[PDB]
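To keep things clear, I will list the structure first and then write my remarks on it.
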Amino acid sequence: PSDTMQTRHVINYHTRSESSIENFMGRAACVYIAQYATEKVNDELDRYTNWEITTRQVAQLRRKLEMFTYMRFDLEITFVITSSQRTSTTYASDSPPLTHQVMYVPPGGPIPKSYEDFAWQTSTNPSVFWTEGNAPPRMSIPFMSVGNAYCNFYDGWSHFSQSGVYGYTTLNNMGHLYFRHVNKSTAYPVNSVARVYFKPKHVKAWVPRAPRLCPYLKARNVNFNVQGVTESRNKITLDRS
Amino acid sequence: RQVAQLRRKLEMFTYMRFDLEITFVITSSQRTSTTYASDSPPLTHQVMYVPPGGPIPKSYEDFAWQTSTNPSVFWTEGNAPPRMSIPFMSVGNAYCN
Amino acid sequence: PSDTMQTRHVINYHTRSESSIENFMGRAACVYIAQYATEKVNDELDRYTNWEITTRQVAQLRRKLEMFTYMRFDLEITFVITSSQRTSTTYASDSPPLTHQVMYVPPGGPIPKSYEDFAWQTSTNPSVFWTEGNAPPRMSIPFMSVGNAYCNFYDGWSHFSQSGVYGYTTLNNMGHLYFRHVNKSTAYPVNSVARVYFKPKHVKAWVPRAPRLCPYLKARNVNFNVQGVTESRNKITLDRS
Amino acid sequence: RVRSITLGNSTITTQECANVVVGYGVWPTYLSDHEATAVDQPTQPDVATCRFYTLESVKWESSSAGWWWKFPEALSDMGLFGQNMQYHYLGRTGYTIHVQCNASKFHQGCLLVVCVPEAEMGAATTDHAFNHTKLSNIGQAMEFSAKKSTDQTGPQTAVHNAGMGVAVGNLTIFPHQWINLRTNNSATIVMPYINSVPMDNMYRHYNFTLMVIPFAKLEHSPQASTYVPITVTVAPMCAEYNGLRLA
Amino acid sequence: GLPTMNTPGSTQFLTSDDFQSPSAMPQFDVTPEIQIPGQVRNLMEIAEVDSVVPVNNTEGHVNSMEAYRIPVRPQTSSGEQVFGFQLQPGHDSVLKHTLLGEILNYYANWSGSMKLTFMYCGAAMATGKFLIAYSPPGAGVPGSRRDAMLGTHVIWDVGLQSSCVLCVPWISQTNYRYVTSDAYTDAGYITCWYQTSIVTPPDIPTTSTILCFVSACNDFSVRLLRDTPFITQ
Amino acid sequence: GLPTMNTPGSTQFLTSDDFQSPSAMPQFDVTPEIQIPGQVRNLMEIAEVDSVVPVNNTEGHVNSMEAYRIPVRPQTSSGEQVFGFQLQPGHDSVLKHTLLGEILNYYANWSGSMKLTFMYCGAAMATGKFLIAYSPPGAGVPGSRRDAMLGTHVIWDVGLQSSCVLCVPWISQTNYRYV
Amino acid sequence: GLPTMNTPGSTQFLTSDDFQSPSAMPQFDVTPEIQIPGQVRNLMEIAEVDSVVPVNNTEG
């Protein structure tokens with residue numbers, strides 16, 4: 001019973017609203033998964049975690065972004081934070097509700113380097129406090145570039161003429177995102193996962209570019225292995241009269 | 001076509017056309033274990049609607065749960081029941097029973 | 001790939017809204033962290049805790065305040081109250097939800113000196129009752145000075161001409177803040193932390209002052225160790241033609 | 001049939017129609033003279049540095065894969081334009097690019113002349129950073145290859161991926177022009193200043209890369225000329241730099 | 001206060017919601033936008049640009065520029081086929097990686113008209129005729145130059161024009177699967193046939209090259225946006 | 001009642017929120033404000049005041065008034081340099097603790113124009129000429145009085161004016177790090 | 001904000017409710033309807049048609 005593609009005659013109405021930049025880019029996409037714990041297990045998993053806000057780590061979002069040279073949007077961030085206990089011997093406890101702190105650190109703001117750091121109490125660092133069981137928390141970031149648009153591609157250097165790091169620019173600093181528990185402890189350890197969802201609002205685009213053929217090897221380069229321009233067939237002509 | 005009381009009320013007409021209002025009553029219970037003494041955080045459920053043309057998951061931890069074109073609903077237990085709304089989704093002009 | 005400061009030509013738009021007194025002072029800053037417990041462990045940690053409302057204990061807020069001689073604002077206080085259990089042997093319990101009482105004591109009102117004190121039931125002392133798991137509680141304090149403005153600096157005495165305490169005035173009394181659990185007991189002890197956040201609204205300032213060079217030694221004095229006026233370099237002139 | 005254009009010195013010649021292609025429908029122009037308060041004041045070249053700069057010609061043989069030039073870095077040792085790039089810190093400019101192919105009626109082939117803004121290239125040895133002299137020399141034409149590159153300090157010069165990881169047939173949303181020797185021999189592309197900022201450092205940032213890629217290969221009798229020179233002539237128009245004086 | 005009731009779907013996160021958000025950074029002046037050239041407000045403007053079709057996509061021709069070069073050779077037999085491919089730009093291997101094909105790949109249901117341009121890149125003294133036949137979406141691939149002439153066709157004279165442009169209707173393919181193996185299609189075809197030969201004077205080579213171009217027209221309608229199957233991270 | 005739905009971000013505390021607050025103390029008459037002199041509504045009014053620059057910030061000159069005193073000595077060689085510093089008021093050690101520098105330090109991105117005033121505090125019968133050179137943000141420190149004269153400069157005659165005021169454009173430095 | 005109170009029947013699902021629903025699929029153009037013959041807006045139009053009565057309903 002599957003599968004066929006068909007012609008299927010259509011009345012003349014000519015929809016184009018799903019091909020606008022707002023309907024193309026403005027979808028809620030999961031961009032990062034943050035893992036942190038109530039108590040520290042190892043260097044990897046610690047009371048707190050971080051993420052520099054980039055748009056080059058999810059490839060399905062990155063390819064839709066990199067179809068244009070210059071973008072400009074507002075960010076709507078929302079967090080799906082769930083918690084679970086570690087594999088302990090006993091789990092019998094009476095815990096108070098866990099409160100989470102998601103801190104947005106702007107470009108120019110101080111980042112925490114440990115738990116109990118002074119950067120969690122900075123008034124210029126906007127934080128969100130949310131108890132488990134409620135509606136998911138949501139922040140809104142405006143256009144945060146020093147220049148007039150974000151640049152998905154930078155044919156240039158960052159050092160003394162011709163020196164530094166190729167392709168890197170500080171005109172794409174959107175900030176950092178820091179996650180921790182506000183509670184001091186629990187009876188037994190509790191691991192938390194914070195799914196970060198981006199929704200670009202009021203998107204404007206400039207200078208459209210060719211879609212990427214090769215896969216991605218790094219999240220900060222445009223490096224690639226060479227690839228065929230398309231798939232292969234057996235003949236340039238057709239048979240079966 | 002799986003609930004017969006709805007199917008017979010539908011199949012009284014050759015061509016239908018409607019919008020769908022889906023709502024979910026999600027309850028949870030523990031299995032018959034030896035002990036049940038725990039301190040659990042609230043369970044969060046994900047109900048994903050996959051459109052015609054979208055990728056379906058084939059396991060847990062699949063990449064299709066993070067697809068931005070697949071609308072999902074996240075709902076914690078103890079709140080109001082979650083609700084989606086599906087429009088008329090046929091390529092043709094009407095559904096055909 | 002880091003780090004450089006650059007000139008980066010800017011179109012003529014001349015923003016100044018982030019330099020107003022409302023945008024400078026009006027940020028939600030953490031001013032006090034209150035620790036109290038369901039049951040008493042020691043004199044330090046007791047069923048209840050207190051804080052006299054001052055604006056001279058957080059140095060990042062104090063230096064932004066002390067750039068002006070006379071301030072006048074309304075206070076928006078909000079509380080992030082989390083709870084955790086002590087390190088007991090067992091934690092298996094079935095607790096009802098904890099209710100907290102945050103009492104604001106005005107200048108002239110009676111302060112509690114113990115638990116079960118009569119001052120917790122005073123009708124002229126506004127209290128806030130909040131159960132855990134809900135939205136964070138929030139109070140609003142108006143301009144509470146007897147004079148026409150708060151004074152960050154007082155070149156004067158408080159006693160018989162020339163006697164008393166230097167620099168202290170009763171024209172900065174904003175009141176007290178008392179925290180306790182409304183519940184009588186639990187099965188096992190539970191420690192609570194109440195983070196206090198201040199947001200000055202409708203701020204007016206007078207007589208701007210020089211920014212402070214030295215660090216702070218006390219929260220009630222302007223005492224200082226002497227310091228250099230700036231950092232040091234090697235030469236007054238420049239090389240490398 | 002022919003027309004002589006002079007910009008100071010010297011005169012070049014061109015045809016009467018020539019199919020000029022403006023970049024995105026935007027003619028290059030100045031910053032509209034809203035330069036008040038003397039905090040970010042700009043400065044013109046004299047006026048002007050607007051003259052024709054002709055580069056060294058390349059030889060399009062039957063196995064040529066293609067060439068590229070990165071701008072404004074391909075005009076670094078070029079007169080007053082090359083001195084304003086080191087006397088000023090920030091600069092903006094637009095360009096007129098002429099690409100002429102001096103072929104005969106007995107030569108065949110097709111060229112695609114592209115102007116790619118922010119043509120960020122990838123490395124041949126991935127995980128390695130490349131030298132800046134393998135991206136752009138002072139006025140030299142850096143050329144593509146037919147095979148993939150295994151250079152440990154250079155870019156990926158396989159022409160069917162165009163150095164940027166894309167399909168080379170899709171390089172037509174950029175400002176482009178086809179040179180079919182059966183029909184044409186010339187190409188005029190007028191590129192404005194496209195950036196995210198109104199001015200930038202000229203030694204540090206390549207604004208756009210001009211690419212000349214043969215899509216139908218050069219093919220001829222063995223008794224004809226075998227090299228078929230291609231001349232690129234660039235005139236920088238409406239250049240502007242930062243002010244170097246006080247108040 | 002105001003008496004309210006919480007309807008179902010209250011404390012939920014639907015990823016297609018359009019609610020107002022609390023600004024994490026107020027008190028902040030956004031940098032104003034300037035006139036950057038080349039603003040695009042719709043992805044049909046990208047699909048409305050001619051891009052080169054890799055018609056010669058054999059192996060190992062896909063890793064060269066030879067994929068774009070359609071070979072024109074001296075012919076022994078009269079009326080042979082030059083090339084041929086199916087007219088579905090979302091599934092056919094010669095059209096699915098073009099400019100039109102990437103955008104089409106992103107969407108599940110589309111309908112409109114294609115625009116094929118064939119460019120002859122031989123010598124100026126080469127003269128010949130080609131027969132570019134069109135097959136409707138029913139059926140089917142013709143078997144000869146006479147069968148191709150008896151349907152919709154365009155006789156492209158090389159000695160008169162260097163280019164040949166023809167607009168093709170009835171392009172709408174809807175796929176209900178994410179990745180297709182291989183999802184039988186009923187699209188049309190385009191085939192080219194040697195009407196006479198390519199006639200050359202002396203000291204001109206006998207081989208030449210046809211370039212192909214494809215785009216859409218200003219009526220093309222996409223719908224039901226998905227993620228593309230060209231990324232497999 | 002009115003059918004409502006609770007959107008995400010409902011029972012949260014964002015520290016940048018601007019919601020109406022329940023008054024803990026109503027029924028209270030606030031003391032009225034009077035005309036106090038010197039009301040300031042913007043911190044650019046503090047940065048628009050001339051403050052003295054510690055140009056002579058060597059050791060142990062930073063713990064004295066000698067940091068503010070630029071030495072003018074009798075010269076053996078012609079065309080020597082008097083002083084010199086970089087024109088970034090947020091990072092340079094001679095300007096970062098001035099009035100302009102504290103305010104600039106509080107903000108991450110700033111752009112505008114500085115205003116340098118040089119005052120000669122010698123005798124009334126002292127006569128001399130100084131050459132105050134300006135270097136653009138590209139490059140660079142000149143190496144001689146002739147190289148300084150061949151760029152933007154102001155010849156300050158001591159015998160004519162006691163003060164010299166010059167306005168400098170292109171001051172905008174953006175730092176993406178805290179320290 | 002606006003002071004509200006949650007009346008009884010607040011976080012419930014009554015199956016006869018008629019509340020507005022959050023659209024799971026916005027940004028989607030619905031296929032337009034055409035003139036299909038024989039539109040029916042009421043089931044009394046089906047009952048208003050003569051149908052044959054099985055009066056001789058014995059076995060077999």
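Residues are named by chain letter and number: chains run A, B, ... in the order of the structure tokens, numbers start at 1 in each chain, and ligands are numbered from 1 in the order shown.
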
At most 7 Å is the cut-off: for each residue in chain A with any atom that close to an atom of chain F, write down the nearest atom pair and the distance in Å rounded to one decimal, counting only C-alpha atoms, chain first then increasing number, as a tab-separated table.
residue	atom	partner	partner_atom	distance
A:107	CA	F:176	CA	4.9
A:108	CA	F:176	CA	4.4
A:109	CA	F:178	CA	5.3
A:110	CA	F:178	CA	5.0
A:126	CA	F:15	CA	5.5
A:127	CA	F:15	CA	5.7
A:128	CA	F:14	CA	4.5
A:129	CA	F:13	CA	5.1
A:130	CA	F:12	CA	5.0
A:134	CA	F:11	CA	6.6
A:135	CA	F:8	CA	5.0
A:136	CA	F:8	CA	4.8
A:137	CA	F:9	CA	3.9
A:138	CA	F:9	CA	4.7

Which residues come within 7 Å of residue D:62, counting only C-alpha atoms, excluding same-chain residues fewer than 6 positions away, as a ChimeraX atom specification? /D:217-219

For C-alpha atoms, I'd like the residues from the last selection saved as a PDB file, in the first residue's frame.
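Now in part01.pdb:
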ATOM      1  CA  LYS D 217      36.396  23.261 -21.122  1.00  0.00           C
ATOM      2  CA  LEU D 218      38.545  25.057 -23.662  1.00  0.00           C
ATOM      3  CA  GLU D 219      38.789  23.029 -26.840  1.00  0.00           C
TER       4      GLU D 219
END

Report as an MDAnalysis selection string the set of chain B residues whose atoms approach chain F to within 12 Å, with distances computed over only C-alpha atoms. chainID B and resid 73:75 79:83

Would you pick out the contacts of residue F:112 at 10 Å or less, using only C-alpha atoms, so that residues sharing its chain but fewer than 2 positions from it are not included, and give the list as a VMD selection string? (chain C and resid 10 14) or (chain D and resid 37 to 40) or (chain F and resid 110 114 168 to 173)

Save out the residues we just selected, N, CA, C and O atoms, as a compact mmCIF listing (two decimals), in the first residue's frame.
# COMPACT_ATOMS: atom_id res chain seq x y z
N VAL C 10 30.21 53.07 13.68
CA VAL C 10 28.83 53.01 14.15
C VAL C 10 28.04 54.12 13.46
O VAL C 10 28.53 55.25 13.34
N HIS C 14 23.08 57.44 18.64
CA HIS C 14 23.34 58.10 19.93
C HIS C 14 22.37 57.66 21.03
O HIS C 14 21.54 58.43 21.51
N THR D 37 28.20 65.53 14.15
CA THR D 37 28.73 65.52 15.52
C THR D 37 30.23 65.21 15.61
O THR D 37 30.80 65.31 16.70
N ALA D 38 30.86 64.88 14.47
CA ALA D 38 32.31 64.71 14.33
C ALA D 38 32.89 63.68 15.30
O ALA D 38 33.97 63.88 15.86
N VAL D 39 32.18 62.57 15.50
CA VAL D 39 32.68 61.49 16.31
C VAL D 39 33.12 60.28 15.48
O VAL D 39 34.01 59.54 15.92
N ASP D 40 32.54 60.07 14.31
CA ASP D 40 32.84 58.97 13.41
C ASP D 40 32.94 59.47 11.98
O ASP D 40 32.30 58.93 11.07
N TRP F 110 30.77 51.29 24.20
CA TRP F 110 30.58 52.73 24.21
C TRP F 110 31.25 53.33 22.99
O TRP F 110 32.22 52.78 22.46
N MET F 114 36.34 62.13 23.05
CA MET F 114 36.96 62.59 24.27
C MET F 114 37.35 64.06 24.15
O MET F 114 37.30 64.66 23.08
N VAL F 168 38.97 64.82 20.52
CA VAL F 168 39.49 63.65 19.82
C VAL F 168 38.31 62.77 19.42
O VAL F 168 37.49 62.40 20.27
N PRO F 169 38.17 62.42 18.14
CA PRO F 169 37.08 61.52 17.73
C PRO F 169 37.47 60.06 17.79
O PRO F 169 38.57 59.73 18.25
N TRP F 170 36.56 59.19 17.35
CA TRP F 170 36.79 57.75 17.15
C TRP F 170 37.19 57.04 18.43
O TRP F 170 38.07 56.18 18.44
N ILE F 171 36.46 57.28 19.51
CA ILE F 171 36.72 56.54 20.73
C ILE F 171 35.53 55.61 20.92
O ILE F 171 34.46 56.06 21.27
N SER F 172 35.70 54.31 20.69
CA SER F 172 34.63 53.33 20.89
C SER F 172 35.39 52.04 21.09
O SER F 172 36.04 51.63 20.18
N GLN F 173 35.36 51.41 22.25
CA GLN F 173 36.09 50.16 22.44
C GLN F 173 35.08 49.17 23.01
O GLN F 173 34.46 49.46 24.02

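The residues of chain F lying at most 9 Å from chain D, with only C-alpha atoms taken into account, are residues 111, 112, 113, 115, 134, 135, 136, 137, 138, 139, 151, 152, 153, 166, 167, 168, 169, 170 and 171 of chain F.
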
Could you turn the residues from that selection into a file that holds N, CA and C atoms, as an mmCIF file, in the first residue's frame?
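The resulting file, part.cif, is reproduced below:
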data_model
loop_
_atom_site.group_PDB
_atom_site.id
_atom_site.type_symbol
_atom_site.label_atom_id
_atom_site.label_comp_id
_atom_site.auth_asym_id
_atom_site.auth_seq_id
_atom_site.Cartn_x
_atom_site.Cartn_y
_atom_site.Cartn_z
ATOM 1 N N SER F 111 30.736 54.476 22.546
ATOM 2 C CA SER F 111 31.300 55.184 21.408
ATOM 3 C C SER F 111 31.060 56.674 21.583
ATOM 4 N N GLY F 112 32.069 57.475 21.264
ATOM 5 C CA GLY F 112 31.910 58.913 21.341
ATOM 6 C C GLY F 112 33.216 59.638 21.110
ATOM 7 N N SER F 113 33.339 60.813 21.726
ATOM 8 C CA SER F 113 34.494 61.681 21.536
ATOM 9 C C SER F 113 35.015 62.150 22.884
ATOM 10 N N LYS F 115 37.765 64.656 25.270
ATOM 11 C CA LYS F 115 38.061 66.086 25.312
ATOM 12 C C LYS F 115 39.220 66.288 26.283
ATOM 13 N N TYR F 134 48.528 63.786 17.543
ATOM 14 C CA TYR F 134 47.440 62.825 17.629
ATOM 15 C C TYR F 134 47.688 61.706 16.632
ATOM 16 N N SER F 135 47.551 60.466 17.089
ATOM 17 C CA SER F 135 47.687 59.311 16.220
ATOM 18 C C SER F 135 46.332 58.657 16.017
ATOM 19 N N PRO F 136 45.949 58.352 14.780
ATOM 20 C CA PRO F 136 44.644 57.728 14.517
ATOM 21 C C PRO F 136 44.601 56.300 15.033
ATOM 22 N N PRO F 137 43.407 55.695 15.151
ATOM 23 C CA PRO F 137 43.312 54.327 15.698
ATOM 24 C C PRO F 137 44.026 53.238 14.905
ATOM 25 N N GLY F 138 44.429 53.481 13.664
ATOM 26 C CA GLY F 138 45.202 52.479 12.962
ATOM 27 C C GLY F 138 46.606 52.332 13.513
ATOM 28 N N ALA F 139 47.424 53.360 13.313
ATOM 29 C CA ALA F 139 48.833 53.390 13.679
ATOM 30 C C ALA F 139 49.293 54.836 13.576
ATOM 31 N N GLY F 151 51.885 64.625 11.056
ATOM 32 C CA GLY F 151 50.544 64.106 11.210
ATOM 33 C C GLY F 151 49.634 65.151 11.815
ATOM 34 N N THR F 152 48.552 64.728 12.461
ATOM 35 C CA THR F 152 47.687 65.674 13.151
ATOM 36 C C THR F 152 48.371 66.168 14.421
ATOM 37 N N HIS F 153 48.506 67.486 14.550
ATOM 38 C CA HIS F 153 49.184 68.060 15.701
ATOM 39 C C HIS F 153 48.615 69.437 15.996
ATOM 40 N N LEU F 166 41.665 70.187 23.041
ATOM 41 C CA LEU F 166 41.536 69.506 21.759
ATOM 42 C C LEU F 166 40.594 68.318 21.894
ATOM 43 N N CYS F 167 39.646 68.217 20.965
ATOM 44 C CA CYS F 167 38.628 67.175 20.970
ATOM 45 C C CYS F 167 39.049 66.050 20.035
ATOM 46 N N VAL F 168 38.969 64.819 20.520
ATOM 47 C CA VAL F 168 39.486 63.646 19.825
ATOM 48 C C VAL F 168 38.306 62.771 19.415
ATOM 49 N N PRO F 169 38.167 62.422 18.137
ATOM 50 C CA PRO F 169 37.081 61.525 17.730
ATOM 51 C C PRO F 169 37.474 60.059 17.794
ATOM 52 N N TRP F 170 36.557 59.190 17.354
ATOM 53 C CA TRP F 170 36.791 57.755 17.146
ATOM 54 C C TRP F 170 37.190 57.037 18.433
ATOM 55 N N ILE F 171 36.462 57.281 19.509
ATOM 56 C CA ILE F 171 36.724 56.544 20.726
ATOM 57 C C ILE F 171 35.530 55.609 20.925
#

Tell me, as a list in words, which residues lie within 12 Å of residue B:52, counting only C-alpha atoms; anything in the same chain fewer than 3 positions away does not count. residues 49, 55, 56, 69, 70, 89, 90 and 91 of chain B; 107, 108, 109, 174, 175, 176, 177, 178, 179, 223, 224, 225, 226 and 227 of chain E; 25 of chain G

For chain D, report every residue with an atom at most 8 Å from chain C (counting only C-alpha atoms), formatted as a PyMOL selection string. chain D and resi 34-36+40+90+197-200
